[PDB]
């Protein structure tokens, strides 16, 4: 029968806590060790209704952010979709997006709440697909608060806060994107294991690695691209395989992690991607 799923936004307290390795940069770092523990604990003890704890980031952490931030910002005008470019300066103004400042999740959450009703919840680590997607049903983005190791600013084995803030947040501020995202979460609620994996894959090739066509040009809206200097350039380089976004086809595609994607999917628009998902979710309900 139907598995447990959240019925209200505070119900995410019951799944968001259901979560390093030696190959990771920073395994070797005792200070980074304690820091990550500190971030994980903040997420574990967060309960819905709490202000998200404000963090004093270290100078090393801010420098790492600045390095990623600076290089990525050179590429956004020519690579990011128009919605991304529209919202990014608003975040600069209202949430302190600067090369020399890491935005606080609480500010970003308040900004999004007034823009689309989206909000942030710090998450200690990787959640099951089901739990992660369930947050979106209440317009809750489960969001990492830690920073990648300073040794390698340009690669992270995992979503860190830099990826969340530069990759995800600007589009969550966009009504059409937020509707699309929430509908993925809503479709997942209490769905079968198979449906959840299918929805997770569609989410992956849209929210995380999606491309869209705007005024005849391919642009990027996927968060994983927008926080990855290499793959951002590669995705629009012309040497990449591209297919039309089509849920029944896209949900079969394998989600690669330790490498560039084999293929990227192109949505006509967020509205259209939304309409296709709606048609698709009917066949998996």
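Between two forms, the rigid core is defined as the largest C-alpha subset superposing within 1.5 Å. Numbering follows the first chain given and starts at 1.
Q: Could you tell me which of the two stretches, 94-102 or 156-164, has its Cα atoms lying farther from the shown structure in 7 other deposited structures of this protein after fitting on the rigid core?
A: Between 94-102 and 156-164, greater C-alpha deviation in 7 other deposited structures of this protein belongs to 156-164.
Q: To spell it out: superpose each other structure in 7 other deposited structures of this protein onto this one by the rigid core, compute Cα RMS over structures and residues for 147-155 and for 123-131. Which is larger?
A: It is 147-155 that deviates more in 7 other deposited structures of this protein.
Q: Checking the other PDB entries with both flanking residues built, is residue 20 absent in a third or more?
A: Yes; at least one third of the other entries leave residue 20 out.
Q: In this entry, is the chain continuous from residue 19 to residue 20, or are deposited residues missing in between (none, 1 to 3, 4 to 9, 10 or more)?
A: 4 to 9 residues are missing.
Q: Do the CA atoms of 40-48 or those of 233-241 have the higher mean B-factor in the entry?
A: Stretch with the higher mean C-alpha B-factor: 233-241.
Q: Could you settle it for me: does 130-138 or 84-92 have the higher average Cα B factor in the PDB entry?
A: So the stretch with the higher mean C-alpha B-factor is 84-92.
Q: Can you pull the Cα B-factors for 174, 152, 107, 160 from the entry and say which is highest?
A: Result of the comparison over 174, 152, 107, 160: 152.
Q: In this PDB entry, which of 9, 15, 266, 273 has the top CA B-factor?
A: Comparing C-alpha B-factors across 9, 15, 266, 273, the maximum falls on 15.
Q: Please place residue 66 in the lowest, middle or highest third of its chain by C-alpha B factor as given in the entry.
A: Tercile = middle for this residue's CA B-factor.
Q: Could you place residue 197 in the lowest, middle or highest third of its chain by Cα temperature factor, using the values in the record?
A: Middle third by C-alpha B-factor.
Q: Considering every modelled residue of the chain and its Cα B-factor in the PDB entry, is residue 188 in the lowest, middle or highest third?
A: It belongs to the lowest third of the chain when residues are ordered by C-alpha B-factor.
Q: Would you mind ranking residue 156 by its C-alpha B-factor against the rest of the chain and naming the third, lowest, middle or highest?
A: It belongs to the highest third of the chain when residues are ordered by C-alpha B-factor.
Q: Using only modelled residues of the chain, where does the Cα B factor of residue 214 rank: lowest third, middle third or highest third?
A: For residue 214, the deposited C-alpha B-factor lands in the highest third.
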